[PDB]
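For reference, input.tsv is printed below; it contains TSV, C-alpha atoms.
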```tsv
chain	number	residue	atom	x	y	z
A	360	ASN	CA	0.00	0.00	0.00
A	361	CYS	CA	2.41	2.63	-1.32
A	362	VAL	CA	4.23	3.63	-4.51
A	363	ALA	CA	7.86	2.60	-5.03
A	364	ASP	CA	9.20	5.51	-7.10
A	365	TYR	CA	12.38	3.91	-8.44
A	366	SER	CA	13.27	7.12	-10.32
A	367	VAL	CA	15.11	8.09	-7.12
A	368	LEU	CA	15.61	4.51	-5.89
A	369	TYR	CA	18.17	3.58	-8.54
A	370	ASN	CA	19.64	6.85	-7.30
A	371	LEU	CA	23.06	8.33	-8.13
A	372	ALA	CA	24.54	4.85	-7.90
A	373	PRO	CA	28.23	4.72	-8.94
A	374	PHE	CA	27.43	1.44	-10.70
A	375	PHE	CA	23.92	-0.03	-10.51
A	376	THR	CA	23.99	-3.63	-11.78
A	377	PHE	CA	20.36	-3.57	-12.86
A	378	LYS	CA	20.52	-6.73	-14.99
A	379	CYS	CA	16.79	-7.40	-15.18
A	380	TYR	CA	14.66	-10.03	-16.87
A	381	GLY	CA	10.99	-10.23	-17.79
A	382	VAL	CA	10.49	-6.46	-18.08
A	383	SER	CA	12.27	-3.44	-19.49
A	384	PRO	CA	14.04	-1.58	-16.64
A	385	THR	CA	12.21	1.69	-17.39
A	386	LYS	CA	8.62	0.39	-17.73
A	387	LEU	CA	7.73	-0.39	-14.13
A	388	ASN	CA	6.08	2.87	-13.00
A	389	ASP	CA	3.01	2.20	-15.14
A	390	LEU	CA	2.89	-1.40	-13.92
A	391	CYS	CA	0.43	-2.10	-11.10
A	392	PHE	CA	1.68	-5.53	-10.05
A	393	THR	CA	1.28	-7.33	-6.72
A	394	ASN	CA	3.28	-7.32	-3.48
A	395	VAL	CA	7.07	-7.11	-3.42
A	396	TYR	CA	9.70	-8.62	-1.13
A	397	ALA	CA	12.92	-7.04	0.12
A	398	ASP	CA	16.11	-8.81	1.25
A	399	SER	CA	19.81	-8.11	0.92
A	400	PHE	CA	23.28	-9.28	1.93
A	401	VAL	CA	26.94	-8.74	0.99
A	402	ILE	CA	29.03	-10.89	-1.35
A	403	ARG	CA	32.71	-10.86	-2.25
A	404	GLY	CA	33.43	-8.87	-5.37
A	405	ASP	CA	34.40	-11.49	-7.93
A	406	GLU	CA	31.40	-13.83	-7.71
A	407	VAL	CA	28.69	-11.17	-8.06
A	408	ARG	CA	28.18	-12.81	-11.46
B	458	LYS	CA	13.16	5.11	-28.81
B	459	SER	CA	9.55	4.28	-29.73
B	460	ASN	CA	7.37	1.90	-31.73
B	461	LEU	CA	7.97	1.41	-35.45
B	462	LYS	CA	5.51	1.30	-38.33
B	463	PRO	CA	4.44	-1.97	-40.00
B	464	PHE	CA	6.75	-3.39	-42.67
B	465	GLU	CA	9.79	-1.37	-41.62
B	466	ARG	CA	13.50	-2.12	-41.22
B	467	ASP	CA	15.88	-0.24	-38.92
B	468	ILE	CA	19.56	-1.02	-38.36
B	469	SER	CA	20.63	1.87	-36.13
B	470	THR	CA	22.87	0.84	-33.21
B	471	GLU	CA	23.04	4.28	-31.58
B	472	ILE	CA	23.25	4.36	-27.79
B	473	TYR	CA	19.80	4.64	-26.19
B	474	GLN	CA	19.26	7.25	-23.46
B	475	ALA	CA	16.47	6.98	-20.88
B	476	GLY	CA	17.51	8.87	-17.74
B	477	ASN	CA	19.32	11.72	-19.50
B	478	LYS	CA	23.11	12.25	-19.31
B	479	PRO	CA	24.03	10.61	-22.65
B	480	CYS	CA	27.05	8.34	-22.46
B	481	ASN	CA	28.23	9.08	-26.03
B	482	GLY	CA	29.71	5.62	-26.53
B	483	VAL	CA	30.59	4.94	-22.89
B	484	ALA	CA	27.64	2.51	-22.57
B	485	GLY	CA	27.59	2.98	-18.81
B	486	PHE	CA	25.28	4.78	-16.39
B	487	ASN	CA	21.83	5.92	-17.57
B	488	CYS	CA	22.42	4.34	-20.99
B	489	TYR	CA	21.92	0.87	-22.47
B	490	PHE	CA	23.23	-0.72	-25.65
B	491	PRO	CA	20.30	-1.23	-28.07
B	492	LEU	CA	21.62	-4.56	-29.38
B	493	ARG	CA	21.47	-7.78	-27.35
B	494	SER	CA	21.91	-11.50	-27.96
B	495	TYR	CA	21.76	-14.89	-26.26
B	496	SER	CA	23.36	-18.32	-26.49
B	497	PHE	CA	22.09	-21.15	-28.70
B	498	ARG	CA	23.40	-24.25	-26.94
B	499	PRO	CA	21.47	-27.44	-27.79
B	500	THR	CA	20.60	-28.12	-24.13
B	501	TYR	CA	17.68	-25.67	-24.20
B	502	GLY	CA	13.96	-26.30	-23.90
B	503	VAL	CA	11.22	-25.63	-26.42
B	504	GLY	CA	10.81	-22.17	-24.87
B	505	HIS	CA	14.32	-21.17	-25.97
B	506	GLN	CA	15.00	-23.24	-29.11
```
Go ahead and express the file in the form of structure tokens.
Amino acid sequence: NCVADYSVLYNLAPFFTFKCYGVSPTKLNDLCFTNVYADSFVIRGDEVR
Amino acid sequence: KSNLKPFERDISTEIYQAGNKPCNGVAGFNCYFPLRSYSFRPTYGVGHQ
């Protein structure tokens, strides 16, 4: 029950690895999809791929 | 940039800009290369053959 305005969420990232599948990275504002989940951690640099 | 008319051919590979700040060949932040590809290994399903 809110809007996730990613226009500022991708932010002034030095390098945003936004490798995304199933949708173009820009066409999500007009989408009105269902709930979203958030989780994060930290990984050593080499194996980010 | 936008949608193309029926029965049209375009070959332009110019860098595409979405969030301003054109890269001018850098292909980095706020810019994506228009041309993409994928592998064709035989061990793929009917949804990728």
Distance query 6 Å from (18.8, 5.9, -25.2) using all atoms listed in the file, result as an NGL selection string
:B and (472-475 or 488)
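Distances from B:484, B:468, B:461, B:503 to chain A were compared using all atoms listed in the file, and the smallest one belongs to B:484.
With atom CA of residue 471 of chain B on one side and atom CA of residue 491 of chain B on the other, the separation reads 7.1 Å.
Interface residues on chain B toward chain A (cut-off 9 Å, all atoms listed in the file): residues 475, 476, 485 and 486 of chain B.
Going from atom CA of residue 396 of chain A to atom CA of residue 382 of chain A covers 17.1 Å.
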Interatomic distance between atom CA of residue 391 of chain A and atom CA of residue 377 of chain A?
20.1 Å
At most 12 Å from (0.1, 1.4, -12.6), file frame, all atoms listed in the file: which residues, as a VMD selection string?
chain A and resid 361 to 364 386 to 393
Box for segment 484-496 of chain B - axis-aligned, 6 Å on each of the six sides, all listed atoms - centre and size in Å to one decimal, as lines of an AutoDock Vina configuration file.
```
center_x = 24.0
center_y = -6.2
center_z = -22.9
size_x = 19.3
size_y = 36.2
size_z = 25.0
```
